[PDB]
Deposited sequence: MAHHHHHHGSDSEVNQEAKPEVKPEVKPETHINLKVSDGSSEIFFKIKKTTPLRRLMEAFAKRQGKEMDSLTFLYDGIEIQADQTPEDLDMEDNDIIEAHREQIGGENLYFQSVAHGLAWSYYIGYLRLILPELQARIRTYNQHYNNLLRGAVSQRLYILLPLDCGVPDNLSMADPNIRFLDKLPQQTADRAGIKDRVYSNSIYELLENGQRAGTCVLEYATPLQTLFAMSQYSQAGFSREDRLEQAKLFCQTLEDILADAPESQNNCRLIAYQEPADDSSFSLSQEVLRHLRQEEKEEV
């Protein structure tokens, strides 16, 4: 299926390449700013999986309690002819009653955006019904892959959600565990 390929590709072509080097980048940033307790960036990459496929580019739009703090120092790697291909990742603070309750690297799984866009292109032969079905399958497949993945054990968290409570509280729910 479309989702099956997208999930395997997002894993092989992205997660597999950034997750083994993420914890060393996170440890470097926390040790540079002596970040302890709530101000210490979580050791895991938090991946937003909206089932509606609505992927905005600014996280401070889906929820105001998600605020950009810093960029995680870039990772570079020679990739498919691109010398020093850059892997940029953003660190966010999660607010609760105005104060910083948690700190983590956060981003959306960009294949969910593709699925929505695909449903808008006549040439794609892909319906809105296909988009919701493939969205659920993409999440389930990514979950199945990461469950067995050696690169991505204790350094990745999937956050699947359906808008009917709070995204910030949901990230914080995972962060507090």
message = Give me the ranges of the deposited sequence that have no CA atoms here, in sequence order.
response = 1-112, 277-281, 295-300
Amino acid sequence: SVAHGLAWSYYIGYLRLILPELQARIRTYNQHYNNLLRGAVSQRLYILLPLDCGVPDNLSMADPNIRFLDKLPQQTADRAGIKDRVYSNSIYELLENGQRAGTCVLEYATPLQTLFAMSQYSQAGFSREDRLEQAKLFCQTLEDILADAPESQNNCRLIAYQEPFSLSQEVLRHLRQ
From here on, numbers count along this sequence of modelled residues.
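For clarity, a rigid core is taken as the largest C-alpha set superposing within 1.5 Å between two forms.
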ask   = Fit on the core, then compare CA atoms: does 152-160 or 10-18 lie farther from this form in 7 other deposited structures of this protein?
value = 152-160
In 7 other deposited structures of this protein, rigid core aligned: more displaced of 122-130 and 43-51 by C-alpha RMS = 122-130
request  = Give yes or no for this: do at least a third of the other compared entries, each modelling residues before and after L37, lack coordinates for it?
outcome  = yes
inquiry  = On mean Cα temperature factor in this entry, is 90-98 or 103-111 the higher one?
reply    = 90-98
inquiry  = Regarding 7-15 and 155-163, which shows the higher C-alpha temperature factor on average in the entry?
reply    = 155-163
ask   = Of the options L48, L132, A62, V41, which has the highest CA B factor as deposited?
value = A62
note = Per the deposited entry, the peak Cα B-factor within the set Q123, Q31, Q140, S119 goes to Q31
request  = Give the position of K136 by CA B-factor within its chain, expressed as the lowest, middle or highest third.
outcome  = lowest
key: Within-chain third of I145 by Cα B-factor, per the entry   = lowest
task = Ordered by C-alpha B-factor within the chain, which third holds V2? Give me lowest, middle or highest, please.
result = lowest
